[PDB]
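Asks: Sequence isn't available, so here's the structure alone:
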Ligand SMILES: [K+]
Ligand SMILES: [Mg+2]
Ligand SMILES: [Mg+2]
Ligand SMILES: [Mg+2]
Ligand SMILES: [Mg+2]
Ligand SMILES: [Mg+2]
Ligand SMILES: [Mg+2]
Ligand SMILES: [Mg+2]
Ligand SMILES: [Mg+2]
Ligand SMILES: [Mg+2]
Ligand SMILES: [Mg+2]
Ligand SMILES: [Mg+2]
Ligand SMILES: [Mg+2]
Ligand SMILES: [Mg+2]
Ligand SMILES: [Mg+2]
Ligand SMILES: [Mg+2]
C-alpha cells in the first residue's frame, strides 16, 4: 500500500488505532499491509484464499527469519483490497497479498469489517475483529 | 491577441392582430433606435402582399415610389430575407392582408446603423 | 493594424423531455440575459407545430397575435432557422406536440440585444 | 474610423479512432474553454446516427431528452451544420457507429460564449 | 455609437506545383500563425482525393484517424467549404493526386484562433 | 515530509486515531560534466593571446552552461503542474494561470524561467506593451530590463534563459529531455513558474566545492591540455511548486 | 432578534397596535476534532529530526486545517443568497452582483472568501489586470498581495482559501457538505461574499481555550504517541448576510 | 455512558446563552436627507403651487 502526492510516493501507515501489536517471526518475505497466518511455532507466512489462515496484518516490510509485528483483532487498519468494497462489507485474505469480500471468496465469514469503501487496488480502512485457523 | 465576444445588434419587430381583409401592417424604421431595419422574417396568418415604399415626406408615408415585392399564399413563414428599410432614406415596408377575412401578422429582424 | 479575435454569440437553449400528446414547450426570451433570442435549431422526437405569438402582457403569455410557422413530421432536425423573439416586444415561440404520444424537444440558438 | 482585423472564431474538435460497431463519440461542451460549441463538420468513416441529448445532471451525462438528428450512410463528410450544445444547458451530442465494424469519426466547429 | 471598420482575419494558403501521380499536398495548421485553418477553396489541376487526418503526435503526422472527405474529378474549383483543422487538435488535411500524371494544387482559406 | 491533513470529527470519549507524518525522499546522483581543450607548444608561444587562459575561461563557461542545462532540463521535465494556452491568451494571463495552478496545489511560486520566443510574445502582450494597461512605459521602452518584468503575477524574479540551454538531445553526447523548449508550436514549453526554494541544483566535486581545472603536458607530442570537471544534478523537493506554460 | 418592520397608519384617538420584537436562537454544537500520531522509541532515536516535535507541529496544523474546513463548509453550505454567473462576467461583476444579492436582503458584506480558480479568473479580469481599468498596477504586479484585492466592491478583507478545505465528503471521517467548492465547472461555488460579524466560529476546550496536545508512552510496546484535540462549530447568525458565486 | 456532557447537558450545567443579542435586517433610512422636510404646525395643511 502506497500514497501519491505529486511525484512523491509515501508508505501507507498500516495502523489507524489499536494496541493488539503482537510479535512473531517471518516464515517468508512479508510486506506492509499483507495478511498473514501461523505457518510454524510463532512463525507467520502470507495468507492463502478462502479462509482458515488469518492472525493479522504485517505492520512493516521484512525479510524471512526477521521479527515481525502484526496488527491483530481490535485494530483499525489500512489495507489494499483486490475488489470494490463498501462500508459494512466483511473482508478476508484473497491470497494475493490483499483482501477480498466474504461474498466473493468461498468462505462464509470474514476477519475484518470495512469502515471506508474503496475501489479495486485502493486502500480501504477496515477493523479487524476475528482470527481464522485450522478447523479441518 | 485581444479576445472579444460578439452579441448581435438589436432585435426588431412589428406586429398586428386581426388586421382586416384589405388593411396593412406598416413597418416603419422610425420605431428602431438605430433608425434602420433589416426584415428577415414575415409570419402571416393568411395570404399577404409585400410592398416596398419610398415617402416624399421625412416623417409620414406620402407615397413617391412603390414596388410589390411578392405575394405569399395561405398561412406560413418567410425567413432568410434581407428586406431593407431606413428612416433617412424614407423607406417603408407594407404587408397587406389579401385573405377574405382578418389575419395576424408578425415581422422580425434586426436594426442596422442608419 | 489592431487585431481582435471574435467569439460568437451567447448560447441559448430551451428543452423538454416527454412533453405530453397535445402539450407544448414555451420558449420565453425573458430567460435570455440580453432579453432577445434567435432560434436556429429545433430538434423534435416526433411531429410538432411551431407557433409564433405576441402577448398582451409584459411578463406572461396572454395571446394577441398568433401564427403557425410550419409543421414538422416525424423525428429529426430543422437547422439554419432564424425564428426571433424578445421580452420588451412580448414575443413567444411555442412548439406543440402533435404525435399522439410523449416526445422530447430541444431548441437552440443565440441571444441577441433587446 | 478605427480599423480592426477580425479573426473569425475559436476552434473546436472532437475525434475518435476505431470506435466499435455500436459505440459512440460524445461531443461534450465542457471541453470547450467558453463552455458552448457549434459543430459544423462531421466526417464519418462509415454509417452513423447523430443524436442530441440533454443531461439531468450538471456535469455527467444522464439522459433527460434524446433526439436522433439524422442518419448518415457510407464514408464522407457533412459540412456547414450548426449543431449547438453547451455546459450550462447540459447539452451533449452523441455520434453512434452503425457500421458492422470500427470507424473513425472527426467532428469540428467553433466555440461560442456560454 | 462607436464605429469600427472590420477587415477579415489572416489569409491562409497551401500550394504545390507538379505533385506526382500518387503524391499529396499535406496542409498543416502549424504553418498558420493563429494555429487553426478553415479551407474554403481547393483548386485542383486533375482528379484528387481529400482526406482529413488526426495525428497521434503533436507536431508530426502519425495517423490516428483518417477519413476520405470527397473525390474531385477533372480540373476545377471546389469553393465555399469549411474544411477545418488545427495544430492543438492534431488535425491535418491531405489532398492526394489520382490523375495519370503530375498536377498543380492550390488550397486557400483563412486562419481561426486555436 | 507528507502534506498536512485534517483532524477527524470524533465522538466524546472515543479513541483518537492516527495519521502521523509519513516520509519519502528525492534521490540525487550528480552527472559528471567535462570539457577538454588541447594547444600545441608552438601555438601557445606564437599567439598574441594567452590561449591557455582563453581555454580555461571557455572550459569554466562550458561547465557553467552545463549546470544551466541540467537545471532547465529538470525544471521543464519534472514540473507537476501545466497551463495549456492552446495558442491563445499567451502573456500575463498565461503567467497568472500558471501561478493559479501552483496556488491550487498550495505552493506560492516566486520565480519564472522564460524562452526567447516566450519573452517576444510576452512583450507583444497589450497588457504589458500598452503603458496605459501596464501602469508604466518601462516594458515598451526597456523590454526585459523593466522592473515590472521581475515583478508580475506575485513573482519576485525573472530568470532569462537561452534557446539552446534545454536538453533537446540534439547536442553531442546529451541524450534529451521529454519536453520541447520553445514558444512556436503546439506542446512547446515556453516558461516555468516556480518556487525558487523548492528546486535544488546539487553540486559535487572530489577536490573542492566547485569547478576543477587540470593542466597536463604531453612531452611526446608537444601538446598542453586543459580539462574542467564538475558533478551536477538538479532535483525538485516539491515538483507541485512549479508550472510549465505550454503553447 | 426579529427584522425591523414598519409602523401602521392609525386613526386619531385610536388604539396603538402591537408588533413587539420577536426572538429566536441559533444553536452551536462544537464537534471534537482529533489528530493522533505514534512513533517507536527506536525510530525516535535513529531519526536525525525530532519526530515528536515534528508530529506536534502536524497535529497543530491538522487541527487548524479542521477549524478552516468547519468554517468554509458552513460558510458555503448555509449562505442564503447565490449569484449564478452561467460561465459569464466572472470577476469584479460577479463580485458586485454577489454584494448586490446581500444588499437586496439588507445586509452589508465586508469580507470575501475565494477558491484558487476564482482568484485566477479574477486576476485575469481586464478590470483588475489593466492598470487604467483598475486605477493601479498592483494586481498585475503583486497579484493577491495587492491592496486593491483587500479593497474590492465595498469589502475590506480578502480571505484566500485552499481547494482541499471544503468538505467534499471524500476525506476520511468527514461526511461532506451540500455544494461543490471550485470554479471549474457548472454549479461550482468559487467565492463567498459575507459580513464577518454574522458568521461565528465557536471554539471550546475543557483545559484552556485553544488546541490541547497530550503525549503518552507505552512501556509494553515501546511506542510514544501524540494526540491533539479541539472542539469547533461554525454557525451563521444571519445567513442572508452572505452570498456564494456560482460558475 | 461513563459521565459524558451529551447526557448531562441540562442536568449538571445549562447550555451557554451568548449575552449579545444579534440584530435582524436593518432597512436604509434616507428620507430626511432625500426630501425637503416640513416640521408642520398642523396635521393638515397646504403648500401653494
Ligand atoms: K475480539
Ligand atoms: Mg481501540
Ligand atoms: Mg424619414
Ligand atoms: Mg415583456
Ligand atoms: Mg417593457
Ligand atoms: Mg452542465
Ligand atoms: Mg449552471
Ligand atoms: Mg499539433
Ligand atoms: Mg492520510
Ligand atoms: Mg495540480
Ligand atoms: Mg533604456
Ligand atoms: Mg497543445
Ligand atoms: Mg410582524
Ligand atoms: Mg435574497
Ligand atoms: Mg512583488
Ligand atoms: Mg387644505
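Replies: Structure's in. What do you need? Residues are numbered from 1 along each chain as shown, chains lettered A, B, ... in the order given. Ligands and ions are numbered 1, 2, ... in the order given.

Asks: going forward, measure contacts between C-alpha atoms and count neighbours the same way
Replies: Noted.

Asks: So whichever residue of chain F sits closest to chain H versus chain G, what's the distance?
Replies: Proximity of chain F to chain H (C-alpha to the nearest C-alpha) peaks at residue F:12, 7.1 Å away. Between residue F:12 and chain G the computed distance is 7 Å (C-alpha to the nearest C-alpha, to the nearest Å).

Asks: what about that residue, is that helix, strand or coil?
Replies: Put simply, residue F:12 is coil when judged by DSSP: H, G, I helix; E, B strand; the rest coil.

Asks: tally of neighbours for it?
Replies: 11 (other C-alpha atoms under 10 Å in any protein chain shown).

Asks: Check residue B:94 too.
Replies: For residue B:94, the neighbour count with other C-alpha under 10 Å is 20.

Asks: Go ahead and confirm it touches residue B:22.
Replies: No: in this structure, residue B:94 is not within contact of residue B:22 by C-alpha atoms under 8 Å, at 11.8 Å.

Asks: returning to that earlier point: for the residue of chain F closest to chain H, which residues are in contact?
Replies: By C-alpha atoms under 8 Å, 6 or more residues apart in numbering or on different chains, residue F:12 lies in contact with G:32, H:4.

Asks: redo that, cut-off 7 Å
Replies: Contacts for residue F:12 were tallied using C-alpha atoms under 7 Å, 6 or more residues apart in numbering or on different chains; there are none.

Asks: Could you do residue A:17 as well?
Replies: For residue A:17, the contact set (C-alpha under 7 Å, 6+ apart) comprises A:75, A:76, F:17, F:18.

Asks: does it have beta-bridge partners, and which?
Replies: Following DSSP bridges, residue A:17 is listed with bridge partners residue A:76.

Asks: Roughly how far does it sit from ligand 12?
Replies: Remark: distance between residue A:17 and ligand 12 (C-alpha to the ion, to the nearest Å) = 47 Å.

Asks: next one: residue A:7
Replies: 22 Å.

Asks: before we move on, what about residue F:238?
Replies: Distance, residue F:238 to ligand 12, by C-alpha to the ion: 25 Å.

Asks: before we move on, what about residue F:94?
Replies: Separation of residue F:94 from ligand 12 (C-alpha to the ion): 14 Å.

Asks: tell me the contacts of that residue?
Replies: Counting by C-alpha under 7 Å, 6+ apart, residue F:94 has contacts F:85, F:245.

Asks: what's it sitting at in phi/psi?
Replies: Backbone torsions of residue F:94, given as degrees, to the nearest 10, read phi -70, psi -40.

Asks: ok, it to chain D distance?
Replies: From residue F:94 to chain D the distance is 14 Å (C-alpha to the nearest C-alpha).

Asks: tell me which element whichever residue of chain B sits closest to chain D falls in.
Replies: Nearest residue of chain B to chain D: residue B:5, at 7.1 Å (C-alpha to the nearest C-alpha). Residue B:5 belongs to strand B:3-6 when assigned by DSSP states H and E.

Asks: Tell me which other helices or strands whichever helix or strand comes after that strand touches.
Replies: Scanning forward in sequence from strand B:3-6 by DSSP H and E, the next helix or strand is strand B:11-19. Using 3 or more C-alpha pairs under 7 Å, 6 or more residues apart in numbering or on different chains; DSSP states H and E as the contact criterion, the elements in contact with strand B:11-19 are strand B:103-113, strand C:63-72.

Asks: separation between the residue of chain B closest to chain D and chain E?
Replies: Noted for residue B:5: a distance of 13 Å to chain E, by C-alpha to the nearest C-alpha.

Asks: excluding its backbone neighbours, what's nearest that residue?
Replies: residue C:7 (4.8 Å; C-alpha to C-alpha, 6 or more residues apart in numbering or on different chains).

Asks: what does residue A:21 give?
Replies: Once flanking residues are discounted, residue A:21 sits nearest to residue A:71: 5.0 Å by C-alpha to C-alpha, 6+ apart.

Asks: Cheers, nothing more for now.
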